[PDB]
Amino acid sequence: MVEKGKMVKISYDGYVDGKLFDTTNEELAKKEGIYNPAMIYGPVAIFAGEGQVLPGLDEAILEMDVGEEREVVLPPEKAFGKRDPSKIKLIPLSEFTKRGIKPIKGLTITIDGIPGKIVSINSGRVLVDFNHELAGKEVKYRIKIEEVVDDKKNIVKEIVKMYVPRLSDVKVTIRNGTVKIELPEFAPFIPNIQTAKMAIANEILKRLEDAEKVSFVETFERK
């Protein structure tokens, strides 16, 4: 069993109706058609049982051990939630034609700034589902606990990556109460890096009781 609040690194592959919809395995993601060039793959760090993942995943993780691999089946209540009937709405077909849109099943459209999926067309009404795509669905996860991170240096490294995935190679130095974090050359250019830094620092101070301060170093070279 893994204790609530423990930082763990996990790998997983998430299936719905036989199909892979999410994974930390880059190669598999490629093989299976869902690869996102913006996403950073590989094992992910979470604080166990704190709500960083699906509730059913949090529950499964807390009863596993390090090195343990496992497959869990989660009901919608524990995954992406039940399908709310209030979010499935009949919209007059004229609302589409007037805008020059041919409604087709599976088309994503937006109404009032809210996205929905076209579910069916009958007579002069288009049924559009504004629920989460995986709402009401049972989902399966391959999950493995890769490691427990219990050293200060790596807790900090992982907290940084948790808040900013692209920052996977930061240099951390613990010096009696001071957490020094040297950032890569590209870091200063990250959108709202400053908010991110403050969040990272706040997370570090919460986890490392002996830390008095968190100091970030940004370096600009002759490039």
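Residue numbers run from 1 along the displayed sequence.
- Looking at mean Cα B-factors across 24-32 and 59-67, the upper value is held by 24-32.
- Once the C-alpha B-factors are averaged per stretch, 34-42 and 160-168 rank with 34-42 first.
- The PDB entry assigns the greatest CA B-factor among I114, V149, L127, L93 to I114.
- Split the chain's modelled residues into thirds by C-alpha temperature factor. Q52 is in the lowest one.
- Per-chain ranking of the deposited C-alpha B factor places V16 in the highest third.
- The deposited CA B-factor of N122 belongs to the highest third of values across its chain.
- In this PDB entry, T97 carries a Cα temperature factor that places it within the lowest third of its chain's modelled residues.
- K153: CA B factor lies in the lowest third for its chain, per the PDB record.
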